[PDB]
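Asks: Sharing a structure, written as structure tokens. Questions coming.
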Amino acid sequence: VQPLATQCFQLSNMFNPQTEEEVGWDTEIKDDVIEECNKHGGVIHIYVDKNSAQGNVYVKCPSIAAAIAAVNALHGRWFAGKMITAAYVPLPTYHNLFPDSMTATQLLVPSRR
């Protein structure tokens, strides 16, 4: 919505409310946005929630530069019969919700796509 290039964003189409029937299913959806973010500028935090209304996820980078290119790549894709979107978070509120993920000194890596 607004010119707030923050180091964080949320997707809205990565799983469905009736499509989980293994345990461990976050690992792949997590791996996927790890690819995208890595190919741009890396990412130091991921949270795939599972009880979202519009498939929301929560991702955080070391630097707005990574966020810029990552969001720019992510929104406008097609999931399996949906449009991918992302939006940026309000940093001055996000930093209060994740008082710990602020310090995240460790770029994650994938396991398997």
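Bear in mind these aren't lab numbers, they're just calculated from the coordinates by the rules spelled out. We place every Cβ from the backbone using ideal geometry, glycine too, and count neighbours over all the protein chains shown.
Asks: How large is the helix-only mean residue ellipticity at 222 nm for the chain, computed as the sum of -39500 (n - 2.57) over DSSP H runs with n ≥ 4, divided by its residue count, in deg cm²/dmol to the nearest 500?
Replies: Helices in the chain give a 222 nm mean residue ellipticity of -9000 deg cm²/dmol.
Asks: Right, here's the next one. Tell me the angle of helix 26-40 to the major Cα principal axis of the chain, expressed in degrees between 0 and 90 and rounded to the nearest ten.
Replies: 40 degrees
Asks: Then there is this: Work out how much length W25 to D49 would gain on full extension: take 0.36 nm times their residue separation and subtract the Cα-Cα distance, in nm to one decimal.
Replies: 7.5 nm
Asks: Karplus couplings for the stretch 104-109 from phi (6.51 cos²θ - 1.76 cosθ + 1.60, θ = phi - 60°), rounded to Hz, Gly and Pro as x?
Replies: Per residue, the Karplus-derived 3J(HN,Hα) values read 3, 8, 9, 5, 6, 9 Hz.
Asks: Angle, helix 64-74 long axis vs. longest principal axis of the chain, Cα atoms, 0 to 90°, nearest 10?
Replies: 30 degrees
Asks: Another one. Fully extended, how many nm does the chain gain between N38 and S63 (0.36 nm per residue separation, minus their Cα-Cα distance)?
Replies: Result: 7.8 nm gained on full extension.
Asks: Using only the C-alpha atoms of the chain, find the volume of their convex hull and express it per residue in Å³.
Replies: For the chain, the hull spanned by Cα atoms encloses 115 Å³ per residue.
Asks: To the nearest 20 debye, what charge dipole does the chain have about its Cα centre, counting +1 at the Cβ of each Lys and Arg and -1 at the Cβ of each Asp and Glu?
Replies: About 340 debye.
Asks: Also, quick follow-up: Can you list the residues, at least 5 places off or on another chain, whose amide H is less than 5 Å from the amide H of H45, using H built in the peptide plane?
Replies: When sequence neighbours closer than 5 places are left aside, the close amide H contacts are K60, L108.
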